[PDB]
Protein chains: 2
Amino acid sequence: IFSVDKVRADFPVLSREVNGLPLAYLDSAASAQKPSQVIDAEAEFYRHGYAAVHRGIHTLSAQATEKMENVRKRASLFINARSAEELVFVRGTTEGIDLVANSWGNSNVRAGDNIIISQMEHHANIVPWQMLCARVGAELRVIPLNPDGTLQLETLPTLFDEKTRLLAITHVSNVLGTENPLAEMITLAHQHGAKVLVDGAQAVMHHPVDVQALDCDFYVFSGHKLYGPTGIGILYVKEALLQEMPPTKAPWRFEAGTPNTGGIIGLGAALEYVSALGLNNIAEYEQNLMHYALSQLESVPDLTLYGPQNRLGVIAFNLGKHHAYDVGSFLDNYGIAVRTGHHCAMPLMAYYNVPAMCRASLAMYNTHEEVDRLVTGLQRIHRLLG
Amino acid sequence: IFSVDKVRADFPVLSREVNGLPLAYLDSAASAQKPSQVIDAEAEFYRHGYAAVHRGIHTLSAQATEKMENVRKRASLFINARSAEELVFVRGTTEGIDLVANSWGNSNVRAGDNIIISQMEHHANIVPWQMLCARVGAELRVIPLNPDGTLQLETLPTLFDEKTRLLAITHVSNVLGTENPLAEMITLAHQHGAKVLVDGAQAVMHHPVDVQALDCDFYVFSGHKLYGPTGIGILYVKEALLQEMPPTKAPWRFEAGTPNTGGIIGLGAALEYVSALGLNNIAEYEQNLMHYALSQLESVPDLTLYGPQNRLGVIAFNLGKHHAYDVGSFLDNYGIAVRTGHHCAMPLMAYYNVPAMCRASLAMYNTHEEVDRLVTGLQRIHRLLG
Ligand SMILES: *Cc1c(COP(=O)(O)O)cnc(C)c1O
Ligand SMILES: *Cc1c(COP(=O)(O)O)cnc(C)c1O
């Protein structure tokens, strides 16, 4: 069983004070805090094993290359890829998606074709497809939202046709916490010969992810949101699709310039740390924390929530008519870190006819007590400003 | 005055053993070792100040944004840029050059134009221009080498004309250690309205670099070669050239996706560390170490050296008719790390009619004693295999 107090003890930032008050870090969806096992694994590599990694002759370089390829293998097991060679080290989810849009998109999407995204996508899964469509004269189509923050699945027959080359879809919305029915959507897409890229940046820390079971063609996620270092992400490419991506041999073709070995070592340690805790244990604790928060938040007057009741990870909200920026500033003044703004999801904001929302993340190291501070803080803000 | 023993004490890898023997790390040009001030600055950020950085409302996010912008300012002072906003955080020199080739190259190089590179360039300063030239139907022209590893400057009048849009040139050759006459070459290039991109990845650790005095239009270098973390480099863009680079406002337009704040913090600490030592002190010590090495190497039979006598940082060599790979393996078997292969400079190898060379780097933490081990090792290898 999960013990949040033991987990929290691994994270040295969580003891920090902010504005003289104990930090309540509810912004893990923007970036997660890192355990000392991750911090120290990277530091130890720099301290005792550092070298360049291009199968250099000498010992440190050869040992560092092997360390990096062992992390690649561990990442492929983490997402149940068939082969370690299907995994590409990228700088982040943003770059991984862009890499696919140029390497695969440029030679597989032609004039008169269409690409399907959704109205809940992060900008990182919108802009590369907008650019590709303008480059080649294709059409970008958008699955719309329901008020509850789920996709209007009934619109799929009007969007998928013989010229649909790609579906690019978020696994979990970074704003609403909606989890999309990927397996079923992928079956549909493949019936038309379309490939599927999954943006999984908000999925891989909340429960197991199996790309063989999903049968997705591309899958991308971010190291820094998986309790890992910045500057490193993972792009999964189904080995079959390398024949559609013209250029040495794969993974390494897509890793030009010096690898971020520091970040790779830390990412490996983060996968180990998460696996040692167990993703199903994490899921169970976070789901219970989420249910406690949504129940307590019922007692906040004039609170508006956006998204489905079964959200993962994040709670998007606005308080009365107060601007999200001001709600966020008051919460920060209490030592509570939430995120405000458009969350790199302006089409989603436009759908709800707001310019901005507040967002609280509830991660595996957050507590019922921190939820209580958020609830109390929102009540205080409402009294003081209403 | 420089004390190499005090410097070496800051670098924990240098006490490492390899093949049971004390490491002699002569491969800093591939990647440099890092002092604990750099390692710990990054670790400390992760331990006590970590957050996302998009001017997020809350305190940690705001303080982290300010940390990253202070590193940007420190980097601009380090290279004497006019304004911190002229500096772009990139993933590395490879990506920084590619960024210029697409952002500036695509909208300033047209059919029938030409771009000038040199025969000593790293592939990172060749491939983006080859690609751009094929995209737009321009011509790629190459300044050839002299046997001594210097540029054939007399060929410039046949290469520069009214259609020359860009000169892309290495500050210091990663193989030969040749330092090119940038200031003069930049005057010539600007007389034809051509811009100049300088690849400075092997320059910025050896002596001061002043982009205002050079008047270069772009300048790029790598964090991991400047005693800093991996996954981070610097691209300098003369502010005037942002009008020629169409798209928010600059530096930040060219930094999509999450910044590598871990790497940025470590890069700042590396600049501080290098500045505290003093680049002129470093230059003086490395020049004396180099002169000692070239003098001692005279006593190695059948040694071939490539490059000018006034090289910086690296000594490229081959031993008799033995393959560089085998020379490198014997040296590694003695605990001495050199690099072998084509060094990402195949046109340079082809000019010298060899497939590969050995390369020893002599950095600020290397010693006369390590030079003696290299000399002894080469004599031993020659006896044993001749
Ligand atoms: C954060 C995020 C991204 C961007 O990921 P980076 O690694 O920062 O580039 C893309 N998509 C989603 C859903 C995200 O939450
Ligand atoms: C190492 C090097 C590069 C590549 O730099 P990265 O930061 O590894 O991408 C480019 N040019 C020269 C001269 C180099 O030495």
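Could you count how many residues in region B:15-37 are within 16 Å of ligand 2 (Cβ to nearest atom) and either surrounded by fewer than 18 Cβ atoms within 10 Å (Cβ to Cβ) or assigned to a helix (DSSP H, G or I) (or both)?
First, pick out the residues of region B:15-37 that are within 16 Å of ligand 2 (Cβ to nearest atom): B:26-34.
Then drop every residue that is not either surrounded by fewer than 18 Cβ atoms within 10 Å (Cβ to Cβ) or assigned to a helix (DSSP H, G or I) (or both), which leaves none.
Looking only at that region, the number is 0.
For the structure I just gave you, tell me whether A:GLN33 is under 23 Å from A:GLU370 (Cβ atoms) and at the interface with another protein chain (Cβ under 9 Å from one of its Cβ atoms). Can you show your working first?
Details: under 23 Å from A:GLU370 (Cβ atoms): yes; at the interface with another protein chain (Cβ under 9 Å from one of its Cβ atoms): yes.
Yes; evaluated as a whole, the condition is true for this residue.
Looking at region A:73-108, which of the residues that are within 14 Å of chain B (Cβ to nearest Cβ) and among the hydroxyl-bearing types (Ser, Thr, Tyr) is surrounded by the fewest Cβ atoms within 10 Å (Cβ to Cβ)?
Here the residue is A:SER103.
Can you name the residue in region B:279-302 that is of a type in the set (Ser, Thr, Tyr) and in a helix (DSSP H, G or I) and is also surrounded by the most Cβ atoms within 10 Å (Cβ to Cβ) among such residues?
Restricting attention to region B:279-302, the residues satisfying the condition of being of a type in the set (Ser, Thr, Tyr) are B:285, B:292, B:295, B:299.
Adding the requirement that they be in a helix (DSSP H, G or I) leaves B:285, B:292, B:295.
Numbers: B:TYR285: 21, B:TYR292: 15, B:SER295: 11.
So, considering only residues that are of a type in the set (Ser, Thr, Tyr) and in a helix (DSSP H, G or I), the one surrounded by the most Cβ atoms within 10 Å (Cβ to Cβ) is B:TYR285.
Considering each residue of region B:307-316, count those that are more than 14 Å from chain A (Cβ to nearest Cβ) and β-branched (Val, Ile, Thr), and give that number.
In the first step, residues of region B:307-316 are kept if they are more than 14 Å from chain A (Cβ to nearest Cβ); the result is B:307-313, B:315-316.
Narrowing the set further to residues that are β-branched (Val, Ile, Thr) leaves B:315.
Going through region B:307-316 one residue at a time, the tally reaches 1.
What is the number of the single condition among (1) in a loop (DSSP other than H, G, I, E, B); (2) among the aliphatic types (A, V, I, L, M); (3) crowded, with 22+ Cβ neighbours inside 10 Å that A:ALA111 does not meet?
The single condition A:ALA111 does not satisfy is (3).
Every residue, every condition in (1) over 24 Å from the mean Cα position of the chain (by Cα); (2) facing chain B (nearest Cβ under 10 Å); (3) over 30 Å from A:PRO208 (Cα atoms), yes or no:
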site: A:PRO301; (1), (2), (3): yes, no, yes
site: A:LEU305; (1), (2), (3): no, no, no
site: A:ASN318; (1), (2), (3): no, no, yes
site: A:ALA324; (1), (2), (3): no, yes, yes
site: A:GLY335; (1), (2), (3): yes, yes, yes
site: A:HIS342; (1), (2), (3): no, no, no
site: A:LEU348; (1), (2), (3): no, no, no
site: A:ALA356; (1), (2), (3): no, no, yes
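Of all residues in region A:79-108, how many are farther than 15 Å from A:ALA168 by Cα, among the aromatic types (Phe, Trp, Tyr) and part of a helix (DSSP H, G or I)?
Summing the residues that are farther than 15 Å from A:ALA168 by Cα, among the aromatic types (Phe, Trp, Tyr) and part of a helix (DSSP H, G or I) in region A:79-108 gives 0.
Is one or more of the residues making up region B:6-14 more than 19 Å from the chain's Cα centre (by Cα), more than 16 Å from ligand 1 (Cβ to nearest atom) and in a loop (DSSP other than H, G, I, E, B)?
So in region B:6-14, the residues more than 19 Å from the chain's Cα centre (by Cα) come out as B:6-14.
Still in the list and also more than 16 Å from ligand 1 (Cβ to nearest atom): B:6-14.
Of the ones still in play, those that are also in a loop (DSSP other than H, G, I, E, B) are B:10-11.
Yes, region B:6-14 has at least one match.
For region A:90-104, check the following and say yes or no: at least one residue is within 16 Å of ligand 2 (Cβ to nearest atom), assigned by TED's automatic domain parsing to the domain that holds A:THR170, among the basic types (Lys, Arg) and within 22 Å of the chain's Cα centre (by Cα).
yes
Please work out if B:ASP40 is within 24 Å of the chain's Cα centre (by Cα), at the interface with chain A (Cβ under 10 Å from one of its Cβ atoms) and in a helix (DSSP H, G or I). First the steps, then the outcome.
Numbers: within 24 Å of the chain's Cα centre (by Cα): yes; at the interface with chain A (Cβ under 10 Å from one of its Cβ atoms): yes; in a helix (DSSP H, G or I): yes.
When the stated conditions are applied, B:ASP40 passes them.
How many residues, within region A:173-195, are under 23 Å from A:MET346 (Cα atoms) and either away from ligand 1 (no atom under 11 Å from the Cβ) or away from every other protein chain (no Cβ under 14 Å) (or both)? I'd like the intermediate steps shown before the answer.
Keep residues of region A:173-195 that are under 23 Å from A:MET346 (Cα atoms), which gives A:173-182.
Next, only the ones that are either away from ligand 1 (no atom under 11 Å from the Cβ) or away from every other protein chain (no Cβ under 14 Å) (or both) stay: A:173, A:175-182.
Residues in region A:173-195 being under 23 Å from A:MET346 (Cα atoms) and either away from ligand 1 (no atom under 11 Å from the Cβ) or away from every other protein chain (no Cβ under 14 Å) (or both): 9 in total.
Just to verify a result, which residue in region A:212-223, among those that are in contact with a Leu (Cβ under 9 Å, 6 or more places away or on another chain) and near ligand 1 (Cβ under 10 Å from one of its atoms), is nearest to the other protein chains (Cβ to nearest Cβ)?
So the residue we want is A:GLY223.
The values are calculated or read from the model by the stated rules, or taken from the named source; nothing here is a laboratory result. Every residue, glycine among them, receives a Cβ derived from its backbone with ideal geometry; neighbour counts consider all protein chains shown.
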